[PDB]
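Here's the structure, in structure tokens; my notes come after.
In the deposited numbering, the protein residues as written are 5 to 267.
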């Protein structure tokens with residue numbers, strides 16, 4: 005039912021990763037909602053269940069496969085399947101709890117984690133912050149194996165949490181931000197793993213606020229500036245959507261677009 009996008013870390017290149025992220029974005033957004041050249045994800049309100057999720061089938065060089073389920077309203081990884089078992093993060097509400105029952109319906113073993121899938125929770129479980137977790141093709145290769153072996157006792161909880169953190173940034177955050185996609189492309193090109201710098205972290209942290217600021221803007225102009233960080237940790241002030249067009253690829257729906265109001 006739900007669309008499937010395939011990616012493998014086995015012999016991954018800049019091009020194969022680029023193809024993957026483009027395909028993810030294409031399945032996340034319909035094209036109905038583009039504001040200041042930036043696409044918006046579907047509104048949760050009234051979204052039919054048959055259009056709610058996409059599936060990302062990840063394979064690795066170790067010949068293992070896991071399937072991530074992404075919510076189209078926010079690109080969130082809501083859970084995963086590995087063989088005979090599926091695991092879902094603790095739902096935020098009753099609607100989301102019902103929604104995830106439509107995922108991996110033929111799986112033998114269904115589990116819901118007591119913990120939510122937000123970075124705060126995952127970092128505390130990993131025993132490491134995002135700033136200290138290496139990203140790249142190698143980390144993703146290893147993350148796929150760690151997710152695969154969790155149900156059989158091969159993967160400790162901190163490793164599982166770390167592996168989710170890797171997957172989320174390399175898939176969901178890359179889909180949300182061309183800038184983060186670019187940072188992952190660089191890591192793949194040189195096959196060099198590294199933790200995300202402050203520019204990546206602050207973009208991740210600011211996605212909701214940037215989405216709202218753009219959508220509530222007066223003709224693109226923010227009422228309040230948003231502070232981001234450069235690679236060296238120094239401040240970068242955002243006053244307008246214009247500077248974000250090469251940076252952000254998709255936004256969460258936050259408000260209705262104001263009438264065209266052309267002069």
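Ideal placement from N, C-alpha and C gives every residue a C-beta, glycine not left out.
- Assign residue 82 to one of two classes, buried (16 or more other C-beta atoms within 10 Å of its C-beta) or exposed (fewer than that). buried
- Message: Can you give me the C-alpha to C-alpha distance between residue 257 and residue 55, rounded to a whole angstrom?
- Response: Each residue's Cα considered, the two are about 16 Å apart.
- Where the beta strand (DSSP E) through residue 8 begins and ends: 8–12
- Task: Can you check DSSP and say which residues form a bridge with residue 83?
- Result: 73 and 92
- Item | Selection from 118, 53, 204 and 225 that minimises the alpha carbon distance to residue 5 | 53
- Message: So for residue 116, helix, strand or coil by DSSP?
- Response: Three-state DSSP puts residue 116 in a strand.
- Query: Helix, strand or coil: how does DSSP classify residue 42 here?
  - Reply: strand
- Unbroken alpha helix (DSSP H) runs of length 4 or more, entirely within the stretch 113–184: which are they? 123–130, 141–153 and 161–171
- Message: So for residue 25, helix, strand or coil by DSSP?
- Response: Three-state result, residue 25: helix.
- Message: Going by beta-carbon coordinates alone, are residue 9 and residue 61 separated by less than 9 Å?
- Response: yes
- Which residues in the same chain as residue 149 place their Cβ atom closer than 8 Å to its Cβ, once the five residues preceding and following it in sequence are excluded? 64, 66 and 68
- Task: Grab the span of the alpha helix (DSSP H) containing residue 205 for me, first residue to last.
- Result: 202–220
- Message: If you follow the alpha helix (DSSP H) that residue 102 is in, where does it begin and where does it stop?
- Response: 98–103
- What whole-angstrom Cβ distance do residue 198 and residue 140 have, given they're in contact under 8 Å? 7 Å
- With a 10 Å radius around its C-beta and 16 neighbouring C-beta atoms as the bar for buried, classify residue 118 as buried or exposed. exposed
- Task: Compute the Euclidean distance between the alpha carbons of residue 38 and residue 261, then round it to the nearest angstrom.
- Result: 10 Å
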